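> Below is the structure I would like to discuss, written out as structure tokens.
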Amino acid sequence: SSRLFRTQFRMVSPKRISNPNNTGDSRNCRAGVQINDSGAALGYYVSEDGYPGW
Amino acid sequence: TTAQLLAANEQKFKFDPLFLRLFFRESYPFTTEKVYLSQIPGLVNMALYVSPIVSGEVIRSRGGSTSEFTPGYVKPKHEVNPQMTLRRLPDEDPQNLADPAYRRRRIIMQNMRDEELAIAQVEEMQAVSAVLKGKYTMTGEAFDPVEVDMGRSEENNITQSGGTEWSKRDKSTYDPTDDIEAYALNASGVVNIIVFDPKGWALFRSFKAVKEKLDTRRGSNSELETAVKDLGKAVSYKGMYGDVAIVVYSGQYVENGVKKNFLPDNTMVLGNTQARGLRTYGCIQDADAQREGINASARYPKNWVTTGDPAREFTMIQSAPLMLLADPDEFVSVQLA
């Protein structure tokens, strides 16, 4: 876009945050939120939703 | 009589895809029936002396050759039915317990993990079988057999014979460095790493000259570990030997109920840590897969319900993997018997 501001937002449904390929939960990556040695959260695993898809 | 489940272990084998990791990187997915690999001879005769009169004998321009390959197909599947969900699980305590529907999301996870592990084992076996010998054959009971054959020179795959075998000749006054040089002379390109089956490593380090090459002040720069370093792990990155790196690989794959080792009983493999290797994935063939758009991808999962009399909700993974080596004669395989 050639508007004044290039910032855009997107509200993500909570169901799209989960482990890759439905692997088991780990010590550092629980329910799609990867956690370092401390309690901080580093990055999230946003899935892809296909409405005709199962 | 009551009970409590305090602990419940899991049993596995030493599985680690070293050969896939080191030598096979930069995967290429391809939406094509068959792929090509081309080699150009690059061999120029020295110019024969010609009088300034005759002025002839044109020399042909060099031309290469091509090879055609096709990928296989692999699909393991699992199942789960309400008949086996009711009773109990071997990793659940008699107290508390879980619901007859939560036990349905443990068997599913176990199944998916087993499918992924089987696919990984297939990929590792395909990767290893190409390194040891130039060609490997892909076959099964329902799959029509196809063979992938990279062109590897006969000078490689050096197998020891009645003469020049390390086992027979004495461990004092013999140096194997002479041999590791003559064997490496056949390789095309610099070699940088050696892979030892554990018995081969045990046979190699027994030589007294090798133990001399460690504690010499200026005779070399190699540092090794002739003590015990790794006892349970599948790979053990030991020290360098002059310039080359030494690795001992002992991996396990199971065909039928038994366990088997990947490297066959004390082989030694030369090679380069930057060897050009290809990881190609074929086209998955499911008419429900081709709907999404997914094609020439790795590990397409799916599941469905059969609506049969005892029900059942299956689970499935399918990959269609292929392993290729762009330069086949760059490695050197030694029987070392």
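Simple scheme: letters A, B, ... for chains in structure tokens order, numbers from 1 for residues in each chain, numbers from 1 for ligands in the order shown.
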Using only C-alpha atoms, I'd like a table of the residues in chain B that come within 8 Å of chain A; for each, show the closest atom pair and its distance in Å rounded to one decimal, ordered by chain and ascending number, as a tab-separated table.


residue	atom	partner	partner_atom	distance
B:109	CA	A:24	CA	7.5
B:113	CA	A:23	CA	7.8
B:292	CA	A:53	CA	7.4

> Contacts of residue A:48 at 10 Å or less, counting only C-alpha atoms, minus same-chain residues fewer than 3 places along, as a ChimeraX atom specification?

/A:16-17,45,51

> So that I have them on file, write out the residues from the current selection with N, CA and C atoms, as an mmCIF file, in the first residue's frame.


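Everything below was put into again-v1.cif:
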data_model
loop_
_atom_site.group_PDB
_atom_site.id
_atom_site.type_symbol
_atom_site.label_atom_id
_atom_site.label_comp_id
_atom_site.auth_asym_id
_atom_site.auth_seq_id
_atom_site.Cartn_x
_atom_site.Cartn_y
_atom_site.Cartn_z
ATOM 1 N N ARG A 16 -5.215 -21.067 16.949
ATOM 2 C CA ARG A 16 -4.152 -21.228 15.968
ATOM 3 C C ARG A 16 -2.774 -21.347 16.600
ATOM 4 N N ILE A 17 -2.683 -21.332 17.926
ATOM 5 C CA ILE A 17 -1.403 -21.419 18.618
ATOM 6 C C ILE A 17 -1.274 -22.817 19.208
ATOM 7 N N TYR A 45 3.803 -20.185 17.565
ATOM 8 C CA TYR A 45 3.634 -21.022 16.380
ATOM 9 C C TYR A 45 2.226 -20.839 15.826
ATOM 10 N N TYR A 51 -10.594 -23.656 5.588
ATOM 11 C CA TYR A 51 -11.984 -23.985 5.885
ATOM 12 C C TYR A 51 -12.461 -25.274 5.225
#

> Would you mind listing what lies within 9 Å of residue A:44 as a ChimeraX atom specification, with only C-alpha atoms counted and same-chain residues fewer than 4 positions away left out?

/A:17-18,32-34

> What does the structure give for the distance between atom CA of residue A:15 and atom CA of residue B:300, in Å to one decimal?

21.1 Å

> List the neighbours of residue B:115 out to 8 Å using only C-alpha atoms; skip same-chain residues closer than 4 positions along the sequence, and give me the result as a list in words.

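Result of the neighbour search: residues 76, 77, 111, 119, 316 and 317 of chain B.
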
> Go ahead and write the residues just picked, N, CA and C atoms, as a PDB file, in the first residue's frame.


ATOM      1  N   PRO B  76       3.024 -45.627   6.031  1.00  0.00           N
ATOM      2  CA  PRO B  76       2.565 -46.423   7.171  1.00  0.00           C
ATOM      3  C   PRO B  76       1.295 -45.845   7.774  1.00  0.00           C
ATOM      4  N   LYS B  77       0.492 -46.724   8.371  1.00  0.00           N
ATOM      5  CA  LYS B  77      -0.792 -46.320   8.926  1.00  0.00           C
ATOM      6  C   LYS B  77      -1.027 -47.001  10.265  1.00  0.00           C
ATOM      7  N   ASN B 111       0.725 -43.246  18.130  1.00  0.00           N
ATOM      8  CA  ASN B 111       0.691 -43.680  16.743  1.00  0.00           C
ATOM      9  C   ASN B 111       1.443 -42.710  15.849  1.00  0.00           C
ATOM     10  N   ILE B 119       9.255 -43.265   9.245  1.00  0.00           N
ATOM     11  CA  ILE B 119       9.662 -42.506   8.064  1.00  0.00           C
ATOM     12  C   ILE B 119      11.119 -42.074   8.187  1.00  0.00           C
ATOM     13  N   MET B 316      -2.379 -41.662   9.347  1.00  0.00           N
ATOM     14  CA  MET B 316      -1.504 -41.987   8.229  1.00  0.00           C
ATOM     15  C   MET B 316      -0.494 -40.884   7.949  1.00  0.00           C
ATOM     16  N   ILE B 317       0.700 -41.294   7.516  1.00  0.00           N
ATOM     17  CA  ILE B 317       1.763 -40.411   7.048  1.00  0.00           C
ATOM     18  C   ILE B 317       2.264 -40.966   5.723  1.00  0.00           C
TER      19      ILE B 317
END

> Can you list, as an NGL selection string, every residue of chain A that DSSP puts in helix (DSSP H, G or I)?

:A and (14-16 or 20-22)

> To test your reading of the structure, identify every residue in stretch 8-42 of chain B that backbone DSSP assigns to strand (DSSP E), and report it as a PyMOL selection string.

chain B and resi 28-29+35-39

> Once you have the residues from the selection above, write them out as a compact mmCIF listing (two decimals), in the first residue's frame, restricted to N, CA and C atoms.


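The resulting file, part.txt, is shown below:
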# COMPACT_ATOMS: atom_id res chain seq x y z
N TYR B 28 15.61 -30.51 -2.07
CA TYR B 28 14.91 -30.00 -3.24
C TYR B 28 13.60 -30.75 -3.47
N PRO B 29 12.45 -30.15 -3.16
CA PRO B 29 11.18 -30.73 -3.60
C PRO B 29 10.93 -30.44 -5.07
N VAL B 35 13.83 -37.03 -12.50
CA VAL B 35 14.86 -36.02 -12.39
C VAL B 35 16.09 -36.45 -13.19
N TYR B 36 17.00 -35.50 -13.40
CA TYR B 36 18.20 -35.71 -14.19
C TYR B 36 19.43 -35.38 -13.36
N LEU B 37 20.51 -36.12 -13.58
CA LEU B 37 21.81 -35.79 -13.00
C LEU B 37 22.87 -36.00 -14.06
N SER B 38 23.64 -34.95 -14.35
CA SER B 38 24.55 -34.93 -15.48
C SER B 38 25.99 -34.83 -15.00
N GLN B 39 26.89 -35.54 -15.68
CA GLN B 39 28.32 -35.47 -15.39
C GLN B 39 29.08 -35.27 -16.70

> Quick one: distance from atom CA of residue B:313 to atom CA of residue A:31 in Å, one decimal?

24.1 Å

> Any idea what's packed within 6 Å of stretch 146-148 of chain B, counting only C-alpha atoms, ignoring anything in its chain fewer than 5 positions away? Could you give it as a ChimeraX atom specification?

/B:135-138

> Using only N, CA and C atoms, please write the residues we just selected to a file, as a compact mmCIF listing (two decimals), in the first residue's frame.


# COMPACT_ATOMS: atom_id res chain seq x y z
N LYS B 135 25.21 -47.71 -5.51
CA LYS B 135 23.81 -47.90 -5.85
C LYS B 135 23.08 -48.60 -4.72
N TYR B 136 21.80 -48.26 -4.55
CA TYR B 136 20.93 -48.97 -3.63
C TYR B 136 19.61 -49.27 -4.32
N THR B 137 19.01 -50.39 -3.96
CA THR B 137 17.77 -50.87 -4.56
C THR B 137 16.61 -50.63 -3.60
N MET B 138 15.49 -50.18 -4.14
CA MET B 138 14.29 -49.91 -3.37
C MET B 138 13.25 -50.96 -3.72

> Any idea what the distance is between atom CA of residue B:6 and atom CA of residue B:92?

9.6 Å

> So that I can check the surroundings of residue B:123, please list as a ChimeraX atom specification every protein, DNA and RNA residue that reaches within 10 Å of it, counting only C-alpha atoms and ignoring chain neighbours fewer than 5 positions away.

/B:17,20,117-118,128,279,319-323
